[PDB]
Amino acid sequence: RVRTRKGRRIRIXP
RNA sequence: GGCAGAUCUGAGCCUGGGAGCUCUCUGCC
């Protein structure tokens, strides 16, 4: 899946 | 353990600036 950290979208696992 | 989902609660640190190294949350089983 994806999460939003430091305004960026990024891939955490599935 | 399994699955769902958010920085719209969050965060350590980098041989960073990311399909990074990851810890944590809260929903259900």
# chains A, B, ... in the order shown; residues from 1 in each chain; ligands from 1

$ residues_around --residues "region 8-10 of chain A" --least-positions-apart "3" --cutoff "10 Å" --atoms "only C-alpha atoms (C1' of nucleotides)" --output "ChimeraX atom specification"
/A:1-5,13 /B:18-20

$ closest_atom_pairs --of "chain B" --to "chain A" --cutoff "12 Å" --atoms "only C-alpha atoms (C1' of nucleotides)" --output "tab-separated table"
residue	atom	partner	partner_atom	distance
B:4	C1'	A:1	CA	11.1
B:5	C1'	A:1	CA	9.5
B:6	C1'	A:3	CA	7.7
B:7	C1'	A:5	CA	6.1
B:8	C1'	A:4	CA	10.3
B:10	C1'	A:5	CA	10.1
B:11	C1'	A:5	CA	10.4
B:17	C1'	A:8	CA	10.2
B:18	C1'	A:10	CA	7.4
B:19	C1'	A:11	CA	6.0
B:20	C1'	A:10	CA	9.6
B:21	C1'	A:12	CA	11.7
B:22	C1'	A:12	CA	9.7

$ select_by_dssp --residues "chain A" --states "strand (DSSP E)" --output "ChimeraX atom specification"
/A:2-5,8-11
